S.K.: 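Below: one structure in structure tokens.
When a residue number appears, it is its place in the shown sequence, counting from 1. Order of listing sets the numbers, starting from 1, for every ligand and every atom in it.
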Amino acid sequence: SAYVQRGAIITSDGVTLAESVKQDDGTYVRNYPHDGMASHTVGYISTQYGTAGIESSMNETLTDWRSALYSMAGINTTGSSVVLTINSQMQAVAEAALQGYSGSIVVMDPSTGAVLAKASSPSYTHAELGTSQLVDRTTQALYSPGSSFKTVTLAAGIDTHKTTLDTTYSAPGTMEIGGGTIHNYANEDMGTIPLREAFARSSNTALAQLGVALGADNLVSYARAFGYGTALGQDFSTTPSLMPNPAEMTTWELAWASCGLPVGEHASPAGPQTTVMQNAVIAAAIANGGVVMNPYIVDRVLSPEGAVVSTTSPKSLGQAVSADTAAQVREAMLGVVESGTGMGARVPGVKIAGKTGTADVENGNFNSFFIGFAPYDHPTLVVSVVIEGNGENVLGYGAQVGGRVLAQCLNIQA
Ligand SMILES: *C(=O)[C@@H](NC(=O)Cc1ccccc1)[C@@H]1N[C@@H](C(=O)O)C(C)(C)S1
């Protein structure tokens, strides 16, 4: 079977990232041009390091008594190739934006869930497998989403008709909720302000009240309608994002969960805990009139004849919030970037909307998050980013990175 030629893995814009080369021996050596590009996505079949990506998720596609003879094991056959949805140019954009940081970025089409760029850092080359990096931080690492999760809280509060963007909230520096103390960043007392402004400035005190008003059943149900609990990806592996069993939640737990911090202590997992990919699916469903799409990364499969054997169809995971709700959420996210905590994602000449977040992790470090879309009117791309601080002060980086990736990718599209 080592005399059987495996198919190629190609990008949407025709860049071959994996291919088989017949050696004088007869056997084929798996080669990888542009080694280092989209490593986690392209993947590998390694005794030592395991399996990952397309090499393994499309393994069988890539892989008479003519069958006995090893000498004819090639004349008879060749494996079918896989054309990804990844666009090599957008992929380089994301990879360059991650240089010198650990974290990840996903760029997707909101109307279909097609993943156009997917990158994790640090990365590696296939050549190195011959000798942290291996974790795919887009899909197989979980993180506290922090305030990026407030997009869900907000969408739920509006969709259930429990609040509006102009409804005022008290946003004090600290407040006591269910026996515990919720606090705004730097205990900033913002006074009484509309929900749009609490969202823009990312007040934990205000969003925690929305959380408590919604209740645990509503917060979980809406998180799940956005994809939590699903192994996202029609043709790639994502670890499901997690929420607790609502019945086990406490009011304080619910308060922080509504701001993206998981503090639960119970049999079911603490939440929320998200993947970067799940964050993208939320941004996309909001940009997409509330319709959630199951992301995908294979466009089509080709026979060795350079012929189309199948094409992926975009598929919905359901409608998480109504169109009217999504339009209000989009307007709120535009405010974050225009006058709130996401001002760093602004790029002159383009209109960008999103939501930021920052979350403390182990050893006093923190992570920076950004989800968003562009252009504001008729969005054609969505971005999700995490920049892990790991000692460095990365406050605001997710948003700077997100806006720049969005703008560059839009130019690529033009
Ligand atoms: C949501 O992410 C909130 N984050 C925090 O309150 C905790 C935190 C942890 C480390 C450093 C700073 C804050 C609020 N939203 C973020 C954000 O939008 O990035 C703020 C930093 C604005 S506070």
Side-chain angles (χ1 to χ4, degrees), residues 101-103 105 142-155 157 169 171-175 177 180-190 193 195-211 219 223 241 252-263 270-274 276 278-279 282-283 286 329 332-346 352-362 364-373 383-403:
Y101 304 111
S102 302
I105 294 178
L142 291 172
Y143 295 94
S144 298
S147 308
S148 66
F149 189 74
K150 295 175 186 181
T151 307
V152 176
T153 309
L154 184 65
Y169 283 77
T174 213
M175 217 189 124
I177 298 198
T181 306
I182 313 312
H183 65 277
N184 279 341
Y185 169 66
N187 293 167
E188 185 196 349
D189 181 355
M190 310 186 187
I193 63 182
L195 180 57
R196 55 177 79 246
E197 178 176 355
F199 187 74
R201 297 170 68 184
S202 208
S203 176
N204 295 316
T205 52
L207 276 293
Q209 294 174 64
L210 193 44
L219 188 62
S241 292
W252 187 71
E253 172 182 2
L254 164 65
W256 277 125
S258 82
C259 301
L261 303 191
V263 316
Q273 298 179 54
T274 198
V276 170
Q278 169 67 79
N279 255 357
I282 285 171
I286 291 305
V329 180
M333 289 173 104
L334 178 68
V336 166
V337 174
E338 290 191 343
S339 62
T341 58
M343 284 174 70
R346 296 173 306 166
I352 296 169
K355 178 75 191 64
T356 58
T358 308
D360 291 306
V361 294
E362 297 191 356
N365 308 153
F366 61 83
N367 296 333
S368 184
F369 292 91
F370 178 88
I371 61 180
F373 60 90
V383 74
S384 180
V385 176
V386 61
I387 303 293
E388 304 185 19
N390 47 31
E392 174 181 14
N393 171 347
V394 298
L395 185 66
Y397 283 30
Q400 312 192 248
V401 172

S.K.: Which one of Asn393, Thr358, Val361, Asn204 has a non-hydrogen atom at the shortest distance from atom 20 (C) of ligand 1?
M.R.: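 Looking at heavy atoms only, the winner is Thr358.
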
S.K.: So if I count the atoms of ligand 1 from 1 in the order they appear, which ones are less than 4.0 Å from some heavy atom of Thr341?
M.R.: 18 (O), 22 (C)

S.K.: How close do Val276 and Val385 get, heavy atom to heavy atom, and via which atoms?
M.R.: CG1-N, 4.4 Å

S.K.: Closer than 4.0 Å to some heavy atom of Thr356 - which atoms of ligand 1 meet that?
M.R.: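 The atoms of ligand 1 under 4.0 Å from a heavy atom of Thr356 are 17 (C), 18 (O), 19 (O).
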
S.K.: So, is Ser148 polar-close to ligand 1, with some N/O to N/O distance under 3.5 Å?
M.R.: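 Between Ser148 and ligand 1 (N or O atoms, distance only) the closest approach is not under 3.5 Å.
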
S.K.: With backbone taken as N, CA, C and O and side chain as the heavy atoms from C-beta onward, which portion of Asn184 lies under 4.0 Å from ligand 1: side chain, backbone, both, or neither?
M.R.: neither

S.K.: Identify the two heavy atoms, one from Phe370 and one from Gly402, that lie closest to each other, and give their separation to 0.1 Å.
M.R.: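 Nearest heavy atoms, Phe370 then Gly402: CD2-CA, 3.8 Å.
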
S.K.: May I ask you to list the atoms of ligand 1 that are less than 4.0 angstrom from any heavy atom of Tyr185?
M.R.: 12 (C), 13 (C), 23 (S)

S.K.: Within a distance under 4.0 Å of any heavy atom of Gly357, pick out the atoms of ligand 1 and give their elements.
M.R.: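 This gives 2 (O), 17 (C), 18 (O), 19 (O) as the contact atoms.
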
S.K.: Which pair of heavy atoms, one from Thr151 and one from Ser148, lies closest together, and at what distance?
M.R.: OG1-O, 3.0 Å

S.K.: Closer than 4.0 Å to some heavy atom of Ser147 - which atoms of ligand 1 meet that?
M.R.: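 Near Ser147, meaning under 4.0 Å from one of its heavy atoms, ligand 1 has 1 (C), 2 (O), 3 (C), 4 (N), 14 (C), 15 (N).
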
S.K.: Can you find an N/O atom of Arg201 closer than 3.5 Å to an N/O atom of ligand 1?
M.R.: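 No: no nitrogen or oxygen of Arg201 is under 3.5 Å from one in ligand 1.
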
S.K.: Looking only at heavy atoms, which two atoms of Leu395 and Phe366 are closest? And how far apart?
M.R.: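 For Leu395 and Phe366, the tightest heavy-atom pair comes out as N-CE1, 3.6 Å.
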
S.K.: What atoms in ligand 1 come closer than 4.0 Å to a heavy atom of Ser202?
M.R.: 14 (C), 15 (N), 18 (O)

S.K.: Do we see a donor-acceptor contact under 3.5 Å between the side chains of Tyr143 and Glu388?
M.R.: yes

S.K.: Cut-off 3.5 Å, side chains only: do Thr174 and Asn187 have a donor facing an acceptor?
M.R.: no

S.K.: So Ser202 and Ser147, side chain to side chain donor-acceptor pair (under 3.5 Å) or not? Walk me through it.
M.R.: CA-CA 7 Å; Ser202 208; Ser147 308; 3.3 Å; yes

